[PDB]
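Read the structure below first, then the notes.
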Amino acid sequence: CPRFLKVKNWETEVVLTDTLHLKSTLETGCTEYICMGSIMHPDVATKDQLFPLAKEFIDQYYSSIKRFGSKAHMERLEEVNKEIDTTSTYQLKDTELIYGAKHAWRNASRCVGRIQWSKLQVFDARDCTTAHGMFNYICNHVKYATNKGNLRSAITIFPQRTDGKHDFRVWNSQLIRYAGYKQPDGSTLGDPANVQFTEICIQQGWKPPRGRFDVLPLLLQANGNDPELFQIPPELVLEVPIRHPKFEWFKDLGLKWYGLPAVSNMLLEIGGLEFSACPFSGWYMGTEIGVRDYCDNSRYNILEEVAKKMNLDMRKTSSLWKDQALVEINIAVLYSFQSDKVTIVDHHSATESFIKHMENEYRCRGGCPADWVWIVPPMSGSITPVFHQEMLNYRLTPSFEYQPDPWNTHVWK
Amino acid sequence: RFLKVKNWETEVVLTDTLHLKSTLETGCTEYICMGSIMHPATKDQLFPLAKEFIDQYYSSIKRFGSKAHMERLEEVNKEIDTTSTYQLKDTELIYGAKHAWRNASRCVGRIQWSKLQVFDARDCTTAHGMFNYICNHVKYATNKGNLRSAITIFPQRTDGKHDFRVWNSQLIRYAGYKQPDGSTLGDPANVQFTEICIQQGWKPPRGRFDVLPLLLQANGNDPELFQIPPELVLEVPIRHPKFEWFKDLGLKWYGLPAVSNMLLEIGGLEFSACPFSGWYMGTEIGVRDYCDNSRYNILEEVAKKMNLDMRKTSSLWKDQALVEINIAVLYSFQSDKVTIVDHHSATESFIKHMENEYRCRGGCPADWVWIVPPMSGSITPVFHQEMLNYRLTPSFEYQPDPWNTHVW
Ligand code: HEM
Ligand code: HEM
Ligand SMILES: Cc1cc(N)nc(CCc2cc(CCCN(C)C)cc(F)c2F)c1
Ligand SMILES: Cc1cc(N)nc(CCc2cc(CCCN(C)C)cc(F)c2F)c1
Ligand SMILES: C[C@H](O)[C@H](O)[C@H]1CNc2nc(N)[nH]c(=O)c2N1
Ligand SMILES: C[C@H](O)[C@H](O)[C@H]1CNc2nc(N)[nH]c(=O)c2N1
Ligand SMILES: [Zn+2]
């Protein structure tokens, strides 16, 4: 591989030079003959596999604190090596846990929000043993992160994988989501994306109120045991009713959304260790709600009903009636969040911040992996600065990875 | 491997086998993806490429292994020997042109790929000849608004010292002028090319929508200027169905999109002048041409007339104005009976095209970064379509600007 790689911005002419790609680890999925850059998703480790992964991470940690080669560096290397020899694993210091989590965010190529990567609150939950403990930890996370609408980014890290039969997992894909319900007639109440998970929850004991915006219970798995259900206290679930600054009829659609986006189905890999329950949360970019959640045809799919209330001609696609309503729906979501003093960022501000971040990373770090397909917002793409920015995608570690759905792998006791 | 692509809205899964036949590079490796990078002979390299192309041509007319096939491979081998190159048969020229379009990963319009009028211009020797051939192209493809796809193929490269090149990047574009106060009149993307036209004799009217002259290079000689007869240049005043003040913005665009800076490669041969044209997708004009900050950049003005609050971005004033600008373009071409397609129709057509290519051909190389329209992405069906990108030949490739390589 060539040592220097250039990226250009076609709107400003700015050329950046990437050397960080030389530290790439796992596979993109691409080859020199095929590019999989639009593919969404393109047993444990052995002593011999773990040794070099830990050393790589420990080296990198001591490089960052400007102690590379020090006595504390070599002593940590030897302690780690001795520990892998006697137990086939090792335990991270708190300092290394925090560094690793912040860098998995920093390295998350699909995240436009990374300007904030070093302001992450890390909750060490590695002493947790039961699903009730997991509930306690997550409740405290949600309350801290919500902060009465002054949202603060945070991660709670549960115990790492051991033999693969004792995994901690949050079975929810996100900590806060609305249920969806299949009716006998084929229609769907609530969020259609969550019909499968809702059905699991119901069979597990949950009593569904069967509304359009029912907050799902937490389904928590500790130490490989069968998952258990918990209701998040509703006063911890901050929500925003959606209204429009001009269209007084917009509130009559009964739309609302929750304030905290909190991914809980991903795996955090640090130094070869696997943290299979590591829920992390930030704050929303408006398009995640106004464009995808509300206007995807497989989701709440409100474009038609907004278009009718807007009295648009909906017989020709070339009237752009869909595009017009999409803008108005996204004006309402940003307006409703700002009026309630709940942190949100529009797609224009977040992509300008990301460009500034990317440029600083190239300056100070030698690069910034970014997945263009995910960084570019789902509306108005080319009037945001990221559209015109060339990006290199590669995988650095520590990182967040996908993992199988726990109901597909769990062995029921 | 047989690779699978999933549509995340419909859950339709297709299976790609066609990628097994690529061999040109993508630019990516297992460790670094370059999917968002815009720009990632001799007798001995030439025959295997000629062979593969003849093989796929005779396989496409279902006469693989025919005597005609055999005699063609021998005919081509002898000619590469005596002459160091070879000439395509007319049937191979047309087949190669249509398949370079069929294989263009970045083109959302490929449902039309086999309906292409091919103009053989390989007998051309002078810039006057090129001008004639180009005028006939423009007149043919424009067709009084009922646009028809077309390509004009000038002589292939011989030694690189005698290239045919259209120096315009597109046959019809508007000039751009640097103003003394620092701002730009016209199209800022064409400032330098306009300066090269002026420095060579073109007298500019110095307006906002001056059709540029043609700058044509024949057989490696210096380029010569020509004005396309104005009755050949179809233009559309832009107006809005609801906002009667929109026509007062003074906006217009040309009807015919015609790329003239690319290289057509067929069986190892290189056609450095191959102007090709189709019809516009509305967003090409309304989003990029009009609202790119480095182009006509009219968002601020439209939002002014719309009285929108332009104090904070979160009012989405740019997004509102952008939609109204794109309504006007579609309404104007439609009112003037000039072929245009909106990004909803075009992307729907492309999904259907992919479905067709997967069944009958085993895949469709496609560049998600280019296929998804520059506005309202996720409400078009291609946003949710996984695509595999790989390089099939014949193909259109980029080439250096001639003002950076031509020896005067
Ligand atoms: C603080 C403000 C943040 C903003 C504005 C932000 C923005 C975004 C957006 C818009 C996406 C795309 C999500 C989608 O389309 O489904 C995303 C993805 C992602 N973000 Fe961030 N994010 C933030 C915080 C965080 C934090 C705190 C972390 C981790 C510690 C993180 C890690 C990720 C990851 C891993 C993804 C990829 C998810 C996937 O592949 O499905 N983000 N971010
Ligand atoms: C017939 C209607 C057509 C439509 C609606 C259409 C649509 C498009 C669009 C929207 C793009 C992206 C343009 C840009 O962003 O610069 C594109 C690119 C492209 N088109 Fe098509 N096109 C059509 C016809 C054709 C024809 C006739 C050919 C060749 C014979 C062709 C070959 C290509 C190629 C090679 C590109 C990539 C250009 C580049 O990399 O700059 N297209 N097309
Ligand atoms: C930390 C953080 C900050 C921020 N702004 N956004 C995110 C993503 C939040 C999120 C993502 C998805 C995607 C589901 C999978 N997708 C393929 C459909 C669904 C949600 F309900 C949700 F809340 C995370
Ligand atoms: C056959 C065909 C059909 C169709 N619909 N569109 C096209 C593109 C036409 C086109 C493209 C560009 C891009 C310039 C480079 N870009 C990176 C800024 C500039 C133009 F003036 C122009 F006319 C071709
Ligand atoms: C097929 C395609 O990769 C898929 O639709 C992706 C495209 N880009 C995306 N970008 C974001 N931020 N989120 C998504 O869910 C997607 N979906
Ligand atoms: C950086 C990025 O590759 C560049 O902006 C691309 C993105 N996608 C595009 N898609 C189309 N159709 N046309 C373009 O000019 C571009 N520009
Ligand atoms: Zn790639």
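Labeling convention for the structure tokens: chains A, B, ... as they appear, residues from 1 per chain, ligands from 1 in order of appearance.
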Distance filter 6 Å, only C-alpha atoms, chain A against chain B, as a PyMOL selection string: chain A and resi 27-39+318+346+378-382+390-394
Export, as a PDB file, in the first residue's frame, the selected residues with C-alpha atoms.
ATOM      1  CA  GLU A  27     -11.381  -5.946   6.256  1.00  0.00           C
ATOM      2  CA  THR A  28     -13.500  -3.390   4.431  1.00  0.00           C
ATOM      3  CA  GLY A  29     -15.065  -6.160   2.361  1.00  0.00           C
ATOM      4  CA  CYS A  30     -13.803  -4.563  -0.847  1.00  0.00           C
ATOM      5  CA  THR A  31     -11.203  -6.032  -3.195  1.00  0.00           C
ATOM      6  CA  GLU A  32      -9.232  -4.483  -6.007  1.00  0.00           C
ATOM      7  CA  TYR A  33     -11.932  -5.841  -8.345  1.00  0.00           C
ATOM      8  CA  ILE A  34     -15.150  -5.086  -6.429  1.00  0.00           C
ATOM      9  CA  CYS A  35     -16.161  -2.304  -4.041  1.00  0.00           C
ATOM     10  CA  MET A  36     -18.715  -3.077  -1.329  1.00  0.00           C
ATOM     11  CA  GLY A  37     -18.907   0.472   0.020  1.00  0.00           C
ATOM     12  CA  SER A  38     -22.727   0.491  -0.076  1.00  0.00           C
ATOM     13  CA  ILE A  39     -23.125  -2.935   1.614  1.00  0.00           C
ATOM     14  CA  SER A 318     -42.732  15.643 -10.739  1.00  0.00           C
ATOM     15  CA  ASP A 346     -29.667  20.013  12.095  1.00  0.00           C
ATOM     16  CA  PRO A 378     -30.679  11.383   3.797  1.00  0.00           C
ATOM     17  CA  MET A 379     -32.093  14.677   2.436  1.00  0.00           C
ATOM     18  CA  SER A 380     -30.608  17.682   0.634  1.00  0.00           C
ATOM     19  CA  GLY A 381     -27.367  15.765   0.232  1.00  0.00           C
ATOM     20  CA  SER A 382     -25.369  18.056  -2.042  1.00  0.00           C
ATOM     21  CA  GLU A 390     -13.790  12.739  -0.732  1.00  0.00           C
ATOM     22  CA  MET A 391     -13.403  10.213   2.076  1.00  0.00           C
ATOM     23  CA  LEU A 392     -11.275   7.149   2.778  1.00  0.00           C
ATOM     24  CA  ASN A 393     -12.874   4.280   4.688  1.00  0.00           C
ATOM     25  CA  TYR A 394     -10.812   1.808   6.695  1.00  0.00           C
TER      26      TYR A 394
END
May I ask you to write as a compact mmCIF listing (two decimals) with C-alpha atoms, in the first residue's frame all residues lying at most 6 Å from ligand 1, with only C-alpha atoms and all ligand atoms counted?
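For reference, result.txt as written:
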# COMPACT_ATOMS: atom_id res chain seq x y z
CA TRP A 105 -16.11 6.37 18.83
CA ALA A 108 -16.40 4.95 13.96
CA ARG A 110 -20.12 5.84 9.94
CA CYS A 111 -20.55 8.57 12.62
CA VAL A 112 -20.94 12.24 11.62
CA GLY A 113 -20.95 13.27 15.28
CA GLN A 116 -17.43 15.31 20.27
CA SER A 153 -22.94 11.58 25.55
CA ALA A 154 -22.18 8.47 27.53
CA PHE A 280 -23.86 4.26 24.11
CA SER A 281 -25.91 7.37 23.57
CA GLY A 282 -25.53 10.85 22.12
CA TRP A 283 -28.07 13.34 20.73
CA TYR A 284 -30.06 13.33 17.50
CA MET A 285 -29.44 14.85 14.15
CA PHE A 400 -17.64 -0.77 17.46
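Here atom CA of residue 145 of chain A stands at a distance of 23.8 Å from atom CA of residue 93 of chain A.
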Ligand 4: which residues are within 10 Å, counting only C-alpha atoms and all ligand atoms? Reply as a compact mmCIF listing (two decimals) with N, CA and C atoms, in the first residue's frame.
# COMPACT_ATOMS: atom_id res chain seq x y z
N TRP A 10 -14.30 18.79 -3.66
CA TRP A 10 -14.50 19.31 -5.01
C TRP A 10 -15.15 20.68 -5.05
N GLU A 11 -15.64 21.16 -3.91
CA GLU A 11 -16.28 22.47 -3.80
C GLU A 11 -15.30 23.55 -3.37
N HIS A 388 -19.49 16.93 -1.12
CA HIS A 388 -18.39 17.25 -2.02
C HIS A 388 -17.04 16.81 -1.49
N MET B 38 -13.49 10.44 -6.61
CA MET B 38 -14.09 10.66 -7.93
C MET B 38 -13.22 10.08 -9.03
N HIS B 39 -11.92 10.38 -9.02
CA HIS B 39 -11.00 9.83 -10.01
C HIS B 39 -10.01 8.90 -9.34
N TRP B 101 -22.11 2.16 -22.33
CA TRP B 101 -23.19 2.79 -21.59
C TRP B 101 -23.82 1.81 -20.60
N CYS B 107 -24.14 5.81 -13.93
CA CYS B 107 -25.26 6.33 -14.72
C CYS B 107 -26.57 5.72 -14.26
N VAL B 108 -27.49 6.56 -13.78
CA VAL B 108 -28.81 6.07 -13.34
C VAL B 108 -29.76 5.89 -14.51
N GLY B 109 -29.36 6.27 -15.72
CA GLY B 109 -30.32 6.23 -16.80
C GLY B 109 -30.19 4.98 -17.66
N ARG B 110 -29.53 3.95 -17.15
CA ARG B 110 -29.13 2.87 -18.04
C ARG B 110 -30.27 1.97 -18.49
N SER B 149 -31.20 9.57 -27.42
CA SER B 149 -29.82 9.35 -26.99
C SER B 149 -28.92 9.13 -28.20
N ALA B 150 -27.69 9.62 -28.10
CA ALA B 150 -26.81 9.47 -29.25
C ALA B 150 -25.36 9.62 -28.83
N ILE B 151 -24.48 9.06 -29.65
CA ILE B 151 -23.04 9.17 -29.46
C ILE B 151 -22.40 9.29 -30.83
N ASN B 168 -14.16 21.07 -25.17
CA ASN B 168 -15.27 21.31 -24.26
C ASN B 168 -15.57 20.03 -23.49
N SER B 169 -15.86 20.18 -22.20
CA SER B 169 -16.23 19.03 -21.38
C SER B 169 -17.65 18.58 -21.68
N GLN B 170 -18.51 19.51 -22.08
CA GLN B 170 -19.84 19.20 -22.59
C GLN B 170 -20.11 20.08 -23.80
N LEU B 171 -20.90 19.55 -24.76
CA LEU B 171 -21.09 20.26 -26.03
C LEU B 171 -21.76 21.61 -25.83
N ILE B 172 -22.69 21.69 -24.89
CA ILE B 172 -23.40 22.93 -24.59
C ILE B 172 -23.16 23.27 -23.13
N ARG B 173 -22.51 24.41 -22.89
CA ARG B 173 -22.39 24.98 -21.55
C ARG B 173 -22.34 26.50 -21.65
N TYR B 174 -22.58 27.15 -20.51
CA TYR B 174 -22.57 28.60 -20.44
C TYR B 174 -21.21 29.10 -19.97
N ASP B 187 -21.17 30.94 -15.53
CA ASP B 187 -20.95 29.67 -14.87
C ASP B 187 -19.53 29.60 -14.33
N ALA B 189 -17.80 27.29 -12.97
CA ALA B 189 -17.08 26.07 -13.29
C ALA B 189 -16.33 26.16 -14.61
N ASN B 190 -16.71 27.09 -15.48
CA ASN B 190 -16.12 27.18 -16.81
C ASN B 190 -15.25 28.41 -16.98
N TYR B 254 -30.05 24.96 -20.97
CA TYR B 254 -30.10 24.25 -22.23
C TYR B 254 -30.70 22.87 -22.03
N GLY B 255 -31.33 22.36 -23.08
CA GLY B 255 -32.07 21.12 -22.98
C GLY B 255 -31.24 19.86 -23.15
N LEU B 256 -30.07 19.95 -23.80
CA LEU B 256 -29.34 18.75 -24.21
C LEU B 256 -28.08 18.54 -23.38
N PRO B 257 -28.02 17.50 -22.52
CA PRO B 257 -26.78 17.20 -21.78
C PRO B 257 -25.89 16.26 -22.56
N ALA B 258 -24.65 16.67 -22.85
CA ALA B 258 -23.85 15.99 -23.86
C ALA B 258 -22.39 16.00 -23.44
N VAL B 259 -21.93 14.89 -22.87
CA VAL B 259 -20.57 14.79 -22.36
C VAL B 259 -19.62 14.53 -23.52
N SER B 260 -18.56 15.34 -23.59
CA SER B 260 -17.61 15.30 -24.69
C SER B 260 -16.17 15.19 -24.23
N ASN B 261 -15.91 14.98 -22.93
CA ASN B 261 -14.54 14.93 -22.46
C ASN B 261 -14.09 13.52 -22.10
N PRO B 275 -18.42 12.26 -28.06
CA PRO B 275 -19.51 13.00 -27.41
C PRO B 275 -20.78 12.17 -27.37
N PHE B 276 -21.38 12.07 -26.17
CA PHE B 276 -22.61 11.31 -25.98
C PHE B 276 -23.63 12.13 -25.21
N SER B 277 -24.90 11.92 -25.53
CA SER B 277 -25.94 12.79 -25.03
C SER B 277 -27.19 11.98 -24.74
N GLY B 278 -28.01 12.50 -23.84
CA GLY B 278 -29.23 11.83 -23.46
C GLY B 278 -30.30 12.87 -23.19
N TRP B 279 -30.89 12.80 -22.01
CA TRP B 279 -31.71 13.89 -21.51
C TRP B 279 -31.44 14.05 -20.02
N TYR B 280 -31.85 15.20 -19.50
CA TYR B 280 -31.51 15.61 -18.15
C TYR B 280 -32.39 14.91 -17.12
N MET B 281 -31.79 14.64 -15.96
CA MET B 281 -32.55 14.45 -14.74
C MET B 281 -32.64 15.80 -14.03
N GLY B 282 -33.84 16.14 -13.56
CA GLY B 282 -34.09 17.49 -13.08
C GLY B 282 -33.09 17.99 -12.05
N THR B 283 -32.64 17.11 -11.16
CA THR B 283 -31.74 17.53 -10.09
C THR B 283 -30.37 17.96 -10.61
N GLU B 284 -29.95 17.46 -11.78
CA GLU B 284 -28.67 17.89 -12.33
C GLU B 284 -28.64 19.40 -12.47
N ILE B 285 -29.76 19.99 -12.89
CA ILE B 285 -29.89 21.43 -13.08
C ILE B 285 -30.28 22.13 -11.79
N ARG B 288 -27.48 20.83 -8.46
CA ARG B 288 -26.04 21.05 -8.64
C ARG B 288 -25.77 22.33 -9.43
N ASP B 289 -26.31 22.41 -10.65
CA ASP B 289 -26.03 23.56 -11.52
C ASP B 289 -26.44 24.87 -10.87
N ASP B 292 -25.25 24.50 -6.16
CA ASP B 292 -23.88 24.36 -5.69
C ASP B 292 -23.32 25.74 -5.36
N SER B 294 -20.29 26.64 -5.55
CA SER B 294 -19.29 26.97 -6.55
C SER B 294 -19.88 27.08 -7.96
N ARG B 295 -21.20 27.10 -8.08
CA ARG B 295 -21.85 27.25 -9.38
C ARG B 295 -22.71 28.50 -9.41
N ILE B 340 -37.51 15.54 -19.97
CA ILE B 340 -36.81 15.61 -18.69
C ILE B 340 -37.39 14.51 -17.81
N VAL B 341 -36.59 14.06 -16.84
CA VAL B 341 -37.04 13.06 -15.87
C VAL B 341 -36.75 13.57 -14.47
N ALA B 346 -36.72 8.56 -12.30
CA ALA B 346 -35.46 7.99 -12.78
C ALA B 346 -34.94 6.89 -11.86
Neighbour list for segment 76-79 of chain A as a ChimeraX atom specification, cut-off 9 Å, only C-alpha atoms, skip fewer than 2 positions in-chain: /A:54-55,58-59,71-74,81-84
Export C-alpha atoms of the chosen residues as an mmCIF file, in the first residue's frame?
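And here's again-v7.cif as it stands now:
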data_model
loop_
_atom_site.group_PDB
_atom_site.id
_atom_site.type_symbol
_atom_site.label_atom_id
_atom_site.label_comp_id
_atom_site.auth_asym_id
_atom_site.auth_seq_id
_atom_site.Cartn_x
_atom_site.Cartn_y
_atom_site.Cartn_z
ATOM 1 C CA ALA A 54 -3.271 -6.559 23.494
ATOM 2 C CA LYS A 55 0.285 -5.386 22.808
ATOM 3 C CA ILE A 58 -1.248 -1.174 25.030
ATOM 4 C CA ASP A 59 1.499 0.283 22.812
ATOM 5 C CA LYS A 71 9.059 1.485 32.580
ATOM 6 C CA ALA A 72 5.312 1.685 33.223
ATOM 7 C CA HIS A 73 4.763 0.748 29.566
ATOM 8 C CA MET A 74 7.007 -2.344 29.704
ATOM 9 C CA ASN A 81 1.274 -11.029 28.980
ATOM 10 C CA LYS A 82 1.523 -12.936 32.271
ATOM 11 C CA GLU A 83 -2.244 -12.593 32.720
ATOM 12 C CA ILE A 84 -3.060 -13.983 29.266
#
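Pairwise distance (atom CA of residue 244 of chain B, atom CA of residue 302 of chain B) equals 12.3 Å.
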What's around residue 264 of chain B at 7 Å? Count only C-alpha atoms, leave out sequence neighbours fewer than 2 positions away in its own chain, and write the answer as a PDB file with N, CA and C atoms, in the first residue's frame.
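Result went into selection-v6.pdb, see below:
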ATOM      1  N   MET B 262     -14.901  12.513 -22.347  1.00  0.00           N
ATOM      2  CA  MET B 262     -14.544  11.191 -21.864  1.00  0.00           C
ATOM      3  C   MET B 262     -13.945  10.330 -22.964  1.00  0.00           C
ATOM      4  N   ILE B 266     -12.890   0.241 -26.251  1.00  0.00           N
ATOM      5  CA  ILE B 266     -13.543  -0.944 -26.798  1.00  0.00           C
ATOM      6  C   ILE B 266     -12.454  -1.866 -27.329  1.00  0.00           C
ATOM      7  N   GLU B 270      -8.934   3.032 -28.086  1.00  0.00           N
ATOM      8  CA  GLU B 270      -9.255   4.213 -27.292  1.00  0.00           C
ATOM      9  C   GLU B 270      -9.785   5.317 -28.199  1.00  0.00           C
ATOM     10  N   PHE B 271     -11.044   5.710 -27.989  1.00  0.00           N
ATOM     11  CA  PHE B 271     -11.691   6.779 -28.750  1.00  0.00           C
ATOM     12  C   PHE B 271     -11.776   8.019 -27.864  1.00  0.00           C
ATOM     13  N   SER B 272     -10.809   8.926 -28.028  1.00  0.00           N
ATOM     14  CA  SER B 272     -10.656  10.072 -27.140  1.00  0.00           C
ATOM     15  C   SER B 272     -11.666  11.173 -27.404  1.00  0.00           C
ATOM     16  N   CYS B 274     -15.693  11.179 -28.145  1.00  0.00           N
ATOM     17  CA  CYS B 274     -16.884  10.353 -28.276  1.00  0.00           C
ATOM     18  C   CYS B 274     -18.088  11.040 -27.646  1.00  0.00           C
ATOM     19  N   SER B 395     -16.001   0.474 -21.774  1.00  0.00           N
ATOM     20  CA  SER B 395     -16.332   1.427 -20.728  1.00  0.00           C
ATOM     21  C   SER B 395     -15.935   2.835 -21.141  1.00  0.00           C
ATOM     22  N   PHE B 396     -16.547   3.807 -20.463  1.00  0.00           N
ATOM     23  CA  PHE B 396     -16.144   5.200 -20.535  1.00  0.00           C
ATOM     24  C   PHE B 396     -15.194   5.494 -19.386  1.00  0.00           C
ATOM     25  N   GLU B 397     -14.040   6.075 -19.699  1.00  0.00           N
ATOM     26  CA  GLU B 397     -13.068   6.453 -18.686  1.00  0.00           C
ATOM     27  C   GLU B 397     -12.795   7.947 -18.769  1.00  0.00           C
TER      28      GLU B 397
END
Within 12 Å of residue 128 of chain B using only C-alpha atoms, minus same-chain residues under 5 positions, as a PyMOL selection string: chain B and resi 133-135+214-219+223-227
Export, as a PDB file, in the first residue's frame, the selected residues with C-alpha atoms.
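Saved the output as out.pdb:
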ATOM      1  CA  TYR B 133     -20.514  15.663 -37.261  1.00  0.00           C
ATOM      2  CA  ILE B 134     -21.245  17.401 -33.953  1.00  0.00           C
ATOM      3  CA  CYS B 135     -23.880  19.680 -35.479  1.00  0.00           C
ATOM      4  CA  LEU B 214     -16.899  24.514 -29.744  1.00  0.00           C
ATOM      5  CA  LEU B 215     -13.130  24.003 -29.466  1.00  0.00           C
ATOM      6  CA  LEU B 216     -12.216  21.003 -31.621  1.00  0.00           C
ATOM      7  CA  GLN B 217      -8.870  19.239 -32.081  1.00  0.00           C
ATOM      8  CA  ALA B 218      -8.351  16.896 -35.042  1.00  0.00           C
ATOM      9  CA  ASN B 219      -5.434  14.491 -35.505  1.00  0.00           C
ATOM     10  CA  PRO B 223      -7.911  23.334 -31.770  1.00  0.00           C
ATOM     11  CA  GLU B 224     -10.212  25.628 -33.749  1.00  0.00           C
ATOM     12  CA  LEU B 225     -13.287  27.601 -32.650  1.00  0.00           C
ATOM     13  CA  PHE B 226     -16.826  27.186 -34.012  1.00  0.00           C
ATOM     14  CA  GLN B 227     -20.204  28.588 -32.969  1.00  0.00           C
TER      15      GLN B 227
END
Contact residues around segment 194-200 of chain A with only C-alpha atoms at 9 Å, ignoring same-chain residues under 3 positions, as JSON, numbers by chain: {"A": [171, 172, 173, 177, 178, 179, 180, 181, 182, 188, 190, 191, 203, 204, 205, 206, 208, 216, 407]}
Segment 214-288 of chain A: residues DSSP assigns to strand (DSSP E or B), reported as a list in words: residues 215, 218, 219, 220, 221, 228, 229, 230, 239, 240, 241, 256, 257, 258, 262, 263, 267, 268, 269, 270, 273, 274, 275, 280, 281, 284 and 285 of chain A
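A straight line drawn from atom CA of residue 332 of chain B to atom CA of residue 321 of chain A is 16.5 Å long.
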Near-residue 53 of chain A list (9 Å; only C-alpha atoms; drop same-chain fewer than 4 positions) as number ranges by chain: A: 49, 57-58, 270-273
Residues of segment 11-246 of chain A in helix (DSSP H, G or I), written as a ChimeraX atom specification: /A:20-23,47-64,71-87,94-106,114-116,131-149,192-203,234-236
